[PDB]
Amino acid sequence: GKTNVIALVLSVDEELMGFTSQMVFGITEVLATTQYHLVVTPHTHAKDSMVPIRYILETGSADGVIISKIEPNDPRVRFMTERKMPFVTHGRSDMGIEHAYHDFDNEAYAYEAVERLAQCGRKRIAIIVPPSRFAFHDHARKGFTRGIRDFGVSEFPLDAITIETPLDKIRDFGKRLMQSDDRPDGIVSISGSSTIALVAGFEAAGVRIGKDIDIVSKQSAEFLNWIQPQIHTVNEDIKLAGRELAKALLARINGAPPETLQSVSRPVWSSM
């Protein structure tokens, strides 16, 4: 029956600059006007992704679940739909299931990122994307590919690293990249964490941000510009996301239809 618990299920493997607690606080700020408690339930990696979900349903430990790192064909989404556990996703699946969700428009972000580099005079653009299994990788990759076409620029190919690749190695990669004779003039990053490491490596090779190369990056809080005011920054509002995920879940638990409980936040360029 009523547990008055919202389970937040988070992978322990997150980024340096995930500002995860801002997400936690957005959820909890909404839940404070209610009788709901927020339980944080970690899982370590991919091999145990379904473990906490099965465990919530087996013990009946939560009235609703928040999940993230959504795949287009997500077994968690399907399992909780079938088992009638109210849930909301941070991200979007694409499997013909209408569920509550909130996501950032990574497609629009990568498209507008290419445009901006093109406006900066840039002609050869690389992008650093998530692992391909997550839906937001396909959103980003799509927005970027569409952008390289619409803005009459070309892609500098990049397969080496990803958004989840070790920072020390992003840094080394960035250093060797700007010591190559073949190098790009623009970078789209889908992680503020990857961007930090990338810039460190760039500077280590005599490269000046804004001069020799332009960078567009997302960030989940306002940090990159104290650090490097020349980075073209886009804010992803992680606290807002936490608020919206909570809003949606509460309404789903009370029987509002999932179709009305869906939002997508748009990229906003940092005032910084």
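Note that residue numbering follows the sequence shown and begins at 1.
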**Study point:** Selected stretch [higher average CA B-factor]: 216-224 or 199-207
**Key:** 199-207
Review point. Do the CA atoms of 241-249 or those of 50-58 have the higher mean B-factor in the entry?
Key: 50-58
Review point. If you check the C-alpha B-factor for each of 168, 138, 103, 98 in the entry, which is highest?
Key: 168
Practice item. Just grab whichever of 85, 77, 177, 108 has the top CA B-factor as deposited. Key: 177
Review point. Can you tell me which third, lowest, middle or highest, the CA B-factor of residue 71 falls into for its chain?
Key: lowest
Point to revise | Third of chain Cα B-factors occupied by residue 162 | key: highest
Point to revise | Where the record places residue 230 (Cα B-factor, split into thirds across the chain) | key: highest
Review point. Ranked by Cα temperature factor within the chain, is residue 184 in the lowest third, the middle third or the highest third?
Key: highest
**Study point:** Assigned third (lowest, middle, highest) for the C-alpha B factor of residue 122
**Key:** highest
